[PDB]
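Trainee: This is the content of input.pdb (PDB, C-alpha atoms):
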```
MODEL        1
ATOM      1  CA  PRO I 193     -31.695-187.092 140.552  1.00  0.00           C
ATOM      2  CA  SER I 194     -28.346-188.562 141.961  1.00  0.00           C
ATOM      3  CA  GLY I 195     -29.567-187.395 145.383  1.00  0.00           C
ATOM      4  CA  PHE I 196     -30.176-184.355 147.536  1.00  0.00           C
ATOM      5  CA  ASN I 197     -27.325-181.903 147.158  1.00  0.00           C
ATOM      6  CA  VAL I 198     -26.306-179.141 149.561  1.00  0.00           C
ATOM      7  CA  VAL I 199     -23.759-176.590 148.269  1.00  0.00           C
ATOM      8  CA  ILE I 200     -21.238-175.063 150.721  1.00  0.00           C
ATOM      9  CA  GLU I 201     -19.242-172.076 149.439  1.00  0.00           C
ATOM     10  CA  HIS I 202     -16.050-171.324 151.398  1.00  0.00           C
ATOM     11  CA  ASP I 203     -12.802-169.259 151.523  1.00  0.00           C
ATOM     12  CA  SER I 204     -10.230-172.139 151.157  1.00  0.00           C
ATOM     13  CA  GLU I 205      -8.309-172.760 147.991  1.00  0.00           C
ATOM     14  CA  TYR I 206      -8.487-176.440 148.899  1.00  0.00           C
ATOM     15  CA  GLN I 207     -10.971-179.281 149.747  1.00  0.00           C
ATOM     16  CA  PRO I 208     -12.461-178.769 153.302  1.00  0.00           C
ATOM     17  CA  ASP I 209     -13.995-181.731 155.009  1.00  0.00           C
ATOM     18  CA  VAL I 210     -17.731-181.728 155.861  1.00  0.00           C
ATOM     19  CA  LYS I 211     -19.447-183.761 158.572  1.00  0.00           C
ATOM     20  CA  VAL I 212     -23.251-184.113 158.436  1.00  0.00           C
ATOM     21  CA  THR I 213     -25.587-184.768 161.410  1.00  0.00           C
ATOM     22  CA  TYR I 214     -29.389-184.731 161.735  1.00  0.00           C
ATOM     23  CA  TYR I 215     -31.452-184.073 164.904  1.00  0.00           C
ATOM     24  CA  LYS I 216     -34.960-183.033 166.010  1.00  0.00           C
ATOM     25  CA  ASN I 217     -36.067-180.560 168.744  1.00  0.00           C
ATOM     26  CA  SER I 218     -32.643-178.965 169.537  1.00  0.00           C
ATOM     27  CA  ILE I 219     -32.932-175.624 171.542  1.00  0.00           C
ATOM     28  CA  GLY I 220     -35.009-173.096 169.578  1.00  0.00           C
ATOM     29  CA  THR I 221     -36.713-175.553 167.148  1.00  0.00           C
ATOM     30  CA  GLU I 222     -39.418-176.933 169.533  1.00  0.00           C
ATOM     31  CA  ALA I 223     -42.945-176.361 168.139  1.00  0.00           C
ATOM     32  CA  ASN I 224     -44.545-174.915 171.332  1.00  0.00           C
ATOM     33  CA  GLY I 225     -41.532-172.711 172.223  1.00  0.00           C
ATOM     34  CA  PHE I 226     -38.302-173.103 174.260  1.00  0.00           C
ATOM     35  CA  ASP I 227     -38.088-176.452 176.134  1.00  0.00           C
ATOM     36  CA  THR I 228     -41.497-177.760 174.988  1.00  0.00           C
ATOM     37  CA  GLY I 229     -39.978-180.824 173.279  1.00  0.00           C
ATOM     38  CA  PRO I 230     -39.705-184.412 174.504  1.00  0.00           C
ATOM     39  CA  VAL I 231     -35.898-184.399 175.048  1.00  0.00           C
ATOM     40  CA  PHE I 232     -34.484-180.985 176.137  1.00  0.00           C
ATOM     41  CA  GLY I 233     -31.445-180.119 174.075  1.00  0.00           C
ATOM     42  CA  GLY I 234     -32.311-182.422 171.197  1.00  0.00           C
ATOM     43  CA  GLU I 235     -33.436-185.976 170.376  1.00  0.00           C
ATOM     44  CA  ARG I 236     -31.198-188.660 168.731  1.00  0.00           C
ATOM     45  CA  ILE I 237     -28.329-187.166 166.606  1.00  0.00           C
ATOM     46  CA  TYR I 238     -27.741-189.238 163.475  1.00  0.00           C
ATOM     47  CA  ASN I 239     -24.521-189.081 161.469  1.00  0.00           C
ATOM     48  CA  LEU I 240     -25.505-188.690 157.776  1.00  0.00           C
ATOM     49  CA  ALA I 241     -23.363-190.464 155.169  1.00  0.00           C
ATOM     50  CA  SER I 242     -22.337-187.944 152.531  1.00  0.00           C
ATOM     51  CA  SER I 243     -20.421-188.160 149.260  1.00  0.00           C
ATOM     52  CA  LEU I 244     -18.346-184.958 148.818  1.00  0.00           C
ATOM     53  CA  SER I 245     -16.980-183.414 145.569  1.00  0.00           C
ATOM     54  CA  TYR I 246     -15.131-180.105 145.112  1.00  0.00           C
ATOM     55  CA  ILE I 247     -14.517-177.156 142.799  1.00  0.00           C
ATOM     56  CA  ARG I 248     -12.668-173.948 143.774  1.00  0.00           C
ATOM     57  CA  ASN I 249     -14.502-172.452 146.761  1.00  0.00           C
ATOM     58  CA  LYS I 250     -17.579-174.790 146.357  1.00  0.00           C
ATOM     59  CA  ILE I 251     -18.157-178.137 148.236  1.00  0.00           C
ATOM     60  CA  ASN I 252     -21.111-180.219 147.033  1.00  0.00           C
ATOM     61  CA  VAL I 253     -22.504-182.397 149.820  1.00  0.00           C
ATOM     62  CA  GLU I 254     -24.455-185.283 148.232  1.00  0.00           C
ATOM     63  CA  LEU I 255     -26.794-186.988 150.669  1.00  0.00           C
ATOM     64  CA  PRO I 256     -29.217-189.893 149.985  1.00  0.00           C
ATOM     65  CA  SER I 257     -32.498-188.669 148.335  1.00  0.00           C
ATOM     66  CA  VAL I 258     -34.455-189.974 151.382  1.00  0.00           C
ATOM     67  CA  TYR I 259     -32.974-187.104 153.552  1.00  0.00           C
ATOM     68  CA  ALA I 260     -34.184-184.398 151.128  1.00  0.00           C
ATOM     69  CA  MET I 261     -35.801-181.579 153.021  1.00  0.00           C
ATOM     70  CA  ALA I 262     -36.883-177.961 152.643  1.00  0.00           C
ATOM     71  CA  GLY I 263     -36.121-175.220 155.148  1.00  0.00           C
ATOM     72  CA  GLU I 264     -34.339-172.053 156.160  1.00  0.00           C
ATOM     73  CA  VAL I 265     -30.561-172.048 155.754  1.00  0.00           C
ATOM     74  CA  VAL I 266     -28.550-170.512 158.605  1.00  0.00           C
ATOM     75  CA  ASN I 267     -24.828-169.738 158.084  1.00  0.00           C
ATOM     76  CA  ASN I 268     -22.825-169.653 161.347  1.00  0.00           C
ATOM     77  CA  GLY I 269     -19.428-169.651 159.552  1.00  0.00           C
ATOM     78  CA  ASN I 270     -18.068-172.759 161.348  1.00  0.00           C
ATOM     79  CA  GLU I 271     -21.267-174.749 160.558  1.00  0.00           C
ATOM     80  CA  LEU I 272     -24.289-174.455 158.244  1.00  0.00           C
ATOM     81  CA  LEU I 273     -27.789-175.362 159.475  1.00  0.00           C
ATOM     82  CA  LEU I 274     -30.721-176.442 157.325  1.00  0.00           C
ATOM     83  CA  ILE I 275     -33.704-175.747 159.666  1.00  0.00           C
ATOM     84  CA  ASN I 276     -37.145-177.165 158.725  1.00  0.00           C
ATOM     85  CA  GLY I 277     -39.465-176.601 161.659  1.00  0.00           C
ATOM     86  CA  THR I 278     -38.294-179.082 164.332  1.00  0.00           C
ATOM     87  CA  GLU I 279     -35.665-180.801 162.067  1.00  0.00           C
ATOM     88  CA  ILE I 280     -32.073-179.727 161.663  1.00  0.00           C
ATOM     89  CA  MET I 281     -29.421-180.947 159.289  1.00  0.00           C
ATOM     90  CA  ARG I 282     -26.046-179.696 160.485  1.00  0.00           C
ATOM     91  CA  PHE I 283     -22.935-179.411 158.196  1.00  0.00           C
ATOM     92  CA  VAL I 284     -19.599-178.880 159.942  1.00  0.00           C
ATOM     93  CA  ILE I 285     -16.706-177.594 157.758  1.00  0.00           C
ATOM     94  CA  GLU I 286     -13.035-178.139 158.714  1.00  0.00           C
ATOM     95  CA  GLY I 287     -10.248-175.743 157.759  1.00  0.00           C
ATOM     96  CA  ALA I 288     -12.301-172.968 156.123  1.00  0.00           C
ATOM     97  CA  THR I 289     -15.098-170.450 156.745  1.00  0.00           C
ATOM     98  CA  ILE I 290     -18.593-170.881 155.245  1.00  0.00           C
ATOM     99  CA  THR I 291     -19.290-167.953 152.933  1.00  0.00           C
ATOM    100  CA  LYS I 292     -22.781-169.032 151.731  1.00  0.00           C
ATOM    101  CA  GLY I 293     -24.710-172.333 151.788  1.00  0.00           C
ATOM    102  CA  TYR I 294     -27.844-173.565 150.018  1.00  0.00           C
ATOM    103  CA  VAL I 295     -29.722-176.620 148.615  1.00  0.00           C
ATOM    104  CA  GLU I 296     -28.550-176.937 144.929  1.00  0.00           C
ATOM    105  CA  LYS I 297     -31.571-175.825 142.827  1.00  0.00           C
ATOM    106  CA  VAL I 298     -29.869-175.047 139.467  1.00  0.00           C
ATOM    107  CA  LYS I 299     -28.218-178.401 138.793  1.00  0.00           C
ATOM    108  CA  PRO I 300     -25.534-179.202 136.169  1.00  0.00           C
ATOM    109  CA  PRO I 301     -26.410-181.026 132.888  1.00  0.00           C
ATOM    110  CA  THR I 302     -25.717-184.806 132.661  1.00  0.00           C
ATOM    111  CA  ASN I 303     -25.547-187.147 129.714  1.00  0.00           C
ATOM    112  CA  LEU I 304     -23.143-185.313 127.449  1.00  0.00           C
ATOM    113  CA  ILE I 305     -22.973-186.995 124.019  1.00  0.00           C
ATOM    114  CA  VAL I 306     -20.896-185.894 121.036  1.00  0.00           C
ATOM    115  CA  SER I 307     -22.638-186.841 117.751  1.00  0.00           C
ATOM    116  CA  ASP I 308     -22.458-185.774 114.039  1.00  0.00           C
ATOM    117  CA  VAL I 309     -18.638-185.120 114.343  1.00  0.00           C
ATOM    118  CA  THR I 310     -16.818-183.946 111.152  1.00  0.00           C
ATOM    119  CA  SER I 311     -13.420-182.284 110.467  1.00  0.00           C
ATOM    120  CA  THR I 312     -14.902-178.796 111.109  1.00  0.00           C
ATOM    121  CA  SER I 313     -17.865-179.503 113.528  1.00  0.00           C
ATOM    122  CA  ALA I 314     -19.685-181.661 116.190  1.00  0.00           C
ATOM    123  CA  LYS I 315     -23.060-181.704 117.994  1.00  0.00           C
ATOM    124  CA  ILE I 316     -23.197-181.664 121.763  1.00  0.00           C
ATOM    125  CA  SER I 317     -26.396-182.962 123.410  1.00  0.00           C
ATOM    126  CA  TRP I 318     -27.224-183.362 127.112  1.00  0.00           C
ATOM    127  CA  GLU I 319     -30.006-183.947 129.731  1.00  0.00           C
ATOM    128  CA  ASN I 320     -31.168-181.513 132.560  1.00  0.00           C
ATOM    129  CA  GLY I 321     -29.914-182.334 136.111  1.00  0.00           C
TER
ATOM    130  CA  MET T   1     -27.986-156.464 190.680  1.00  0.00           C
ATOM    131  CA  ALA T   2     -27.761-157.037 186.782  1.00  0.00           C
ATOM    132  CA  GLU T   3     -31.096-157.094 184.861  1.00  0.00           C
ATOM    133  CA  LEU T   4     -31.623-160.592 183.353  1.00  0.00           C
ATOM    134  CA  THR T   5     -34.613-161.526 181.183  1.00  0.00           C
ATOM    135  CA  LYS T   6     -36.579-164.545 182.616  1.00  0.00           C
ATOM    136  CA  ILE T   7     -36.154-167.939 180.894  1.00  0.00           C
ATOM    137  CA  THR T   8     -39.526-169.709 180.722  1.00  0.00           C
ATOM    138  CA  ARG T   9     -40.761-172.913 178.986  1.00  0.00           C
ATOM    139  CA  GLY T  10     -42.493-171.955 175.718  1.00  0.00           C
ATOM    140  CA  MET T  11     -40.699-168.583 175.378  1.00  0.00           C
ATOM    141  CA  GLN T  12     -39.881-167.288 171.867  1.00  0.00           C
ATOM    142  CA  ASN T  13     -36.141-166.710 171.604  1.00  0.00           C
ATOM    143  CA  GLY T  14     -34.911-169.109 174.252  1.00  0.00           C
ATOM    144  CA  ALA T  15     -31.397-169.749 172.871  1.00  0.00           C
ATOM    145  CA  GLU T  16     -30.844-166.043 172.092  1.00  0.00           C
ATOM    146  CA  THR T  17     -32.156-164.863 175.575  1.00  0.00           C
ATOM    147  CA  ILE T  18     -29.939-167.490 177.346  1.00  0.00           C
ATOM    148  CA  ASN T  19     -26.995-166.168 175.255  1.00  0.00           C
ATOM    149  CA  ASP T  20     -27.732-162.554 176.171  1.00  0.00           C
ATOM    150  CA  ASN T  21     -28.091-163.408 179.897  1.00  0.00           C
ATOM    151  CA  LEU T  22     -24.750-165.312 179.837  1.00  0.00           C
ATOM    152  CA  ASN T  23     -23.115-162.397 178.020  1.00  0.00           C
ATOM    153  CA  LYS T  24     -24.610-159.861 180.535  1.00  0.00           C
ATOM    154  CA  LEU T  25     -23.274-161.880 183.512  1.00  0.00           C
ATOM    155  CA  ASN T  26     -19.861-162.314 181.841  1.00  0.00           C
ATOM    156  CA  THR T  27     -19.344-158.544 181.265  1.00  0.00           C
ATOM    157  CA  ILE T  28     -20.842-157.174 184.579  1.00  0.00           C
ATOM    158  CA  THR T  29     -19.092-159.569 187.033  1.00  0.00           C
ATOM    159  CA  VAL T  30     -15.822-158.982 188.927  1.00  0.00           C
ATOM    160  CA  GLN T  31     -13.527-161.888 188.026  1.00  0.00           C
ATOM    161  CA  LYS T  32     -10.565-163.669 189.736  1.00  0.00           C
ATOM    162  CA  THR T  33      -8.154-162.484 186.923  1.00  0.00           C
ATOM    163  CA  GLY T  34      -7.202-159.429 184.807  1.00  0.00           C
ATOM    164  CA  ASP T  35      -7.229-155.660 185.373  1.00  0.00           C
ATOM    165  CA  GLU T  36     -10.747-154.206 185.982  1.00  0.00           C
ATOM    166  CA  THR T  37     -12.651-151.152 187.186  1.00  0.00           C
ATOM    167  CA  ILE T  38     -15.379-151.681 189.847  1.00  0.00           C
ATOM    168  CA  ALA T  39     -18.131-149.094 190.516  1.00  0.00           C
ATOM    169  CA  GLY T  40     -20.371-148.784 193.618  1.00  0.00           C
ATOM    170  CA  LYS T  41     -19.866-148.760 197.409  1.00  0.00           C
ATOM    171  CA  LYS T  42     -18.180-152.090 198.245  1.00  0.00           C
ATOM    172  CA  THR T  43     -18.544-153.159 201.925  1.00  0.00           C
ATOM    173  CA  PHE T  44     -16.500-156.258 202.935  1.00  0.00           C
ATOM    174  CA  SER T  45     -17.923-158.307 205.896  1.00  0.00           C
ATOM    175  CA  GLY T  46     -14.812-160.512 206.340  1.00  0.00           C
ATOM    176  CA  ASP T  47     -11.014-160.074 206.294  1.00  0.00           C
ATOM    177  CA  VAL T  48      -9.274-158.409 203.293  1.00  0.00           C
ATOM    178  CA  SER T  49      -5.555-158.823 202.402  1.00  0.00           C
ATOM    179  CA  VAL T  50      -3.666-156.981 199.596  1.00  0.00           C
ATOM    180  CA  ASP T  51      -0.425-158.794 198.555  1.00  0.00           C
ATOM    181  CA  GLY T  52       0.201-156.254 195.765  1.00  0.00           C
ATOM    182  CA  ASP T  53       0.407-152.470 195.817  1.00  0.00           C
ATOM    183  CA  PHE T  54      -2.427-151.037 197.974  1.00  0.00           C
ATOM    184  CA  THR T  55      -3.432-147.503 197.023  1.00  0.00           C
ATOM    185  CA  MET T  56      -5.823-145.410 199.146  1.00  0.00           C
ATOM    186  CA  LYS T  57      -6.690-141.702 198.729  1.00  0.00           C
ATOM    187  CA  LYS T  58      -6.129-139.164 201.631  1.00  0.00           C
ATOM    188  CA  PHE T  59      -4.523-141.513 204.280  1.00  0.00           C
ATOM    189  CA  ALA T  60      -3.526-138.706 206.787  1.00  0.00           C
ATOM    190  CA  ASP T  61      -7.023-136.976 206.634  1.00  0.00           C
ATOM    191  CA  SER T  62      -8.717-140.392 207.040  1.00  0.00           C
ATOM    192  CA  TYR T  63      -6.427-141.941 209.782  1.00  0.00           C
ATOM    193  CA  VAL T  64      -4.414-139.136 211.637  1.00  0.00           C
ATOM    194  CA  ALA T  65      -5.673-136.128 213.729  1.00  0.00           C
ATOM    195  CA  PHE T  66      -3.745-133.232 215.312  1.00  0.00           C
ATOM    196  CA  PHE T  67      -5.298-131.182 218.166  1.00  0.00           C
ATOM    197  CA  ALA T  68      -3.485-128.468 220.172  1.00  0.00           C
ATOM    198  CA  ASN T  69      -4.361-125.373 222.282  1.00  0.00           C
ATOM    199  CA  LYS T  70      -3.367-122.119 220.476  1.00  0.00           C
ATOM    200  CA  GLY T  71      -4.114-119.505 223.205  1.00  0.00           C
ATOM    201  CA  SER T  72      -2.731-121.314 226.299  1.00  0.00           C
ATOM    202  CA  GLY T  73      -0.799-124.535 225.472  1.00  0.00           C
ATOM    203  CA  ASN T  74      -1.465-126.391 228.804  1.00  0.00           C
ATOM    204  CA  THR T  75      -5.002-127.831 228.361  1.00  0.00           C
ATOM    205  CA  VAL T  76      -6.115-129.404 225.062  1.00  0.00           C
ATOM    206  CA  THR T  77      -9.912-129.957 224.865  1.00  0.00           C
ATOM    207  CA  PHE T  78     -11.265-131.827 221.764  1.00  0.00           C
ATOM    208  CA  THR T  79     -14.134-134.022 220.454  1.00  0.00           C
ATOM    209  CA  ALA T  80     -12.512-137.319 219.127  1.00  0.00           C
ATOM    210  CA  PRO T  81     -13.124-137.625 215.312  1.00  0.00           C
ATOM    211  CA  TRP T  82     -13.116-141.459 215.342  1.00  0.00           C
ATOM    212  CA  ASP T  83     -12.060-144.407 217.655  1.00  0.00           C
ATOM    213  CA  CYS T  84      -8.316-143.745 218.317  1.00  0.00           C
ATOM    214  CA  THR T  85      -5.023-144.071 220.276  1.00  0.00           C
ATOM    215  CA  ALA T  86      -3.569-140.692 221.514  1.00  0.00           C
ATOM    216  CA  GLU T  87       0.119-139.590 221.667  1.00  0.00           C
TER
ENDMDL
END
```
Please go through the file and, once you have read it, give me the structure as structure tokens.
Mentor:
Amino acid sequence: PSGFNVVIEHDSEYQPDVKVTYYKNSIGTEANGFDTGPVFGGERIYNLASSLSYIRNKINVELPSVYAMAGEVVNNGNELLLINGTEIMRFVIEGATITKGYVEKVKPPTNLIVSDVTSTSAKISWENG
Amino acid sequence: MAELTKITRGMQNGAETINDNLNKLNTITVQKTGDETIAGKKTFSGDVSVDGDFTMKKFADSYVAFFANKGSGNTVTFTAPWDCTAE
């Protein structure tokens, strides 16, 4: 929909910052085993532009739809890693500890409309995320 | 001395084996700081100086020797225990 959304659950009662990077063939992600890639340690690191929004204990990292990828989620507490083969999308939190992280699958409803409103009732209608 | 697992191109858990080898080296090595306990026979080729409090077990057994004649007291005959200076 709006984009590709990665949820980061943390222990802060506030709004931790998140910095997103992307890189291929870092140590342990090479297809033919350790150091079988074209640039040992990892190829070009790209900074990914994110739009962040917050609720208590949950950061929602909205990235452009073009970056959308599958993959294993690794939680290292200081950083979250979205590993898809050779590709890694790295999320670095500031001022909190990552509790759990995941690509948002169950997404919140959207076009909320109040119709047929009377003194005693109203009808709420929406659209799936 | 320590048993490290070989790091080869194409190996399976490269990052994890490098981490374990670094951790092995870090915990088995004698370091230039902090209080430690060192096992094994340590032979020093060069000079050794102890600025702090040097402790050695059995100094008089190790470095001094007393030999005297019981039955006569004029002629002491003995086999030197180590390279020494006599008084």
Trainee: Once the PyMOL selection byres ((chain I) within 10 of (chain T)) has been applied to the shown file, what residues remain in the selection, as an mmCIF file with C-alpha atoms, in the frame of the given file?
Mentor:
```cif
data_model
loop_
_atom_site.group_PDB
_atom_site.id
_atom_site.type_symbol
_atom_site.label_atom_id
_atom_site.label_comp_id
_atom_site.auth_asym_id
_atom_site.auth_seq_id
_atom_site.Cartn_x
_atom_site.Cartn_y
_atom_site.Cartn_z
ATOM 1 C CA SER I 218 -32.643 -178.965 169.537
ATOM 2 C CA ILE I 219 -32.932 -175.624 171.542
ATOM 3 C CA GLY I 220 -35.009 -173.096 169.578
ATOM 4 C CA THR I 221 -36.713 -175.553 167.148
ATOM 5 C CA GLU I 222 -39.418 -176.933 169.533
ATOM 6 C CA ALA I 223 -42.945 -176.361 168.139
ATOM 7 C CA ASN I 224 -44.545 -174.915 171.332
ATOM 8 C CA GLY I 225 -41.532 -172.711 172.223
ATOM 9 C CA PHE I 226 -38.302 -173.103 174.260
ATOM 10 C CA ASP I 227 -38.088 -176.452 176.134
ATOM 11 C CA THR I 228 -41.497 -177.760 174.988
ATOM 12 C CA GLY I 229 -39.978 -180.824 173.279
#
```
Trainee: Excluding residue 298 (chain I) and any residue of its chain fewer than 4 positions from it, enumerate the residues within 12 Å of it, using only C-alpha atoms, and give them as JSON, numbers by chain.
Mentor: {"I": [197, 198, 199, 294, 320, 321]}
Trainee: Written as a PDB file with C-alpha atoms, keeping the file's coordinate frame, which residues does the PyMOL selection byres ((chain I and resi 270-285) around 9) give for the file shown?
Mentor:
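Final output, saved to out-v6.pdb:
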```pdb
ATOM      1  CA  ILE I 200     -21.238-175.063 150.721  1.00  0.00           C
ATOM      2  CA  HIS I 202     -16.050-171.324 151.398  1.00  0.00           C
ATOM      3  CA  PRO I 208     -12.461-178.769 153.302  1.00  0.00           C
ATOM      4  CA  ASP I 209     -13.995-181.731 155.009  1.00  0.00           C
ATOM      5  CA  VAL I 210     -17.731-181.728 155.861  1.00  0.00           C
ATOM      6  CA  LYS I 211     -19.447-183.761 158.572  1.00  0.00           C
ATOM      7  CA  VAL I 212     -23.251-184.113 158.436  1.00  0.00           C
ATOM      8  CA  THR I 213     -25.587-184.768 161.410  1.00  0.00           C
ATOM      9  CA  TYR I 214     -29.389-184.731 161.735  1.00  0.00           C
ATOM     10  CA  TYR I 215     -31.452-184.073 164.904  1.00  0.00           C
ATOM     11  CA  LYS I 216     -34.960-183.033 166.010  1.00  0.00           C
ATOM     12  CA  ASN I 217     -36.067-180.560 168.744  1.00  0.00           C
ATOM     13  CA  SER I 218     -32.643-178.965 169.537  1.00  0.00           C
ATOM     14  CA  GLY I 220     -35.009-173.096 169.578  1.00  0.00           C
ATOM     15  CA  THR I 221     -36.713-175.553 167.148  1.00  0.00           C
ATOM     16  CA  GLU I 222     -39.418-176.933 169.533  1.00  0.00           C
ATOM     17  CA  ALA I 223     -42.945-176.361 168.139  1.00  0.00           C
ATOM     18  CA  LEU I 240     -25.505-188.690 157.776  1.00  0.00           C
ATOM     19  CA  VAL I 253     -22.504-182.397 149.820  1.00  0.00           C
ATOM     20  CA  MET I 261     -35.801-181.579 153.021  1.00  0.00           C
ATOM     21  CA  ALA I 262     -36.883-177.961 152.643  1.00  0.00           C
ATOM     22  CA  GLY I 263     -36.121-175.220 155.148  1.00  0.00           C
ATOM     23  CA  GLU I 264     -34.339-172.053 156.160  1.00  0.00           C
ATOM     24  CA  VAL I 265     -30.561-172.048 155.754  1.00  0.00           C
ATOM     25  CA  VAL I 266     -28.550-170.512 158.605  1.00  0.00           C
ATOM     26  CA  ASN I 267     -24.828-169.738 158.084  1.00  0.00           C
ATOM     27  CA  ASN I 268     -22.825-169.653 161.347  1.00  0.00           C
ATOM     28  CA  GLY I 269     -19.428-169.651 159.552  1.00  0.00           C
ATOM     29  CA  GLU I 286     -13.035-178.139 158.714  1.00  0.00           C
ATOM     30  CA  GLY I 287     -10.248-175.743 157.759  1.00  0.00           C
ATOM     31  CA  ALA I 288     -12.301-172.968 156.123  1.00  0.00           C
ATOM     32  CA  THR I 289     -15.098-170.450 156.745  1.00  0.00           C
ATOM     33  CA  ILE I 290     -18.593-170.881 155.245  1.00  0.00           C
ATOM     34  CA  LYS I 292     -22.781-169.032 151.731  1.00  0.00           C
ATOM     35  CA  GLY I 293     -24.710-172.333 151.788  1.00  0.00           C
ATOM     36  CA  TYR I 294     -27.844-173.565 150.018  1.00  0.00           C
ATOM     37  CA  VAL I 295     -29.722-176.620 148.615  1.00  0.00           C
TER      38      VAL I 295
END
```
Trainee: Please return as a list in words every residue within 12 Å of (-9.5, -145.3, 217.4), taking into account all atoms listed in the file and the file's own coordinates.
Mentor: residues 62, 63, 64, 65, 80, 81, 82, 83, 84, 85, 86 and 87 of chain T
Trainee: Can you sort out the box for region 14-22 of chain T, edges along x, y and z, all listed atoms in, 5 Å on every side, with centre and edge lengths in Å to one decimal, as JSON?
Mentor:
```
{"center_x": -29.8, "center_y": -166.2, "center_z": 176.0, "size_x": 20.2, "size_y": 17.2, "size_z": 17.8}
```
Trainee: Please list as an NGL selection string every residue within 9 Å of residue 206 (chain I), counting only C-alpha atoms and excluding residues in the same chain fewer than 2 positions away.
Mentor: :I and (203-204 or 208 or 246-249 or 288)
Trainee: To one decimal in Å, tell me the separation between CA of residue 53 (chain T) and CA of residue 41 (chain T).
Mentor: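 The value is 20.7 Å.
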Trainee: Calculate how many Å separate CA of residue 254 (chain I) from CA of residue 196 (chain I), rounding to one decimal.
Mentor: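 We find that CA of residue 254 (chain I) and CA of residue 196 (chain I) lie 5.8 Å from each other.
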Trainee: Rounded to one decimal, what separation in Å do you get between CA of residue 251 (chain I) and CA of residue 201 (chain I)?
Mentor: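 Separation between CA of residue 251 (chain I) and CA of residue 201 (chain I): 6.3 Å.
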Trainee: Residues near residue 29 (chain T), anyone? I mean within 10 Å using all atoms listed in the file, not counting same-chain ones fewer than 4 positions away, as a list in words.
Mentor: residues 2, 24, 25, 36 and 38 of chain T
Trainee: Apply the PyMOL selection byres ((chain I and resi 242) around 6) to the file shown and report the selected residues as a PyMOL selection string.
Mentor: chain I and resi 241+243+254-255
Trainee: Which residue gives the smallest distance to residue 207 (chain I) among I:257, I:245, I:311, I:291, with only C-alpha atoms counted?
Mentor: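 Using only C-alpha atoms, residue 207 (chain I) sits closest to I:245.
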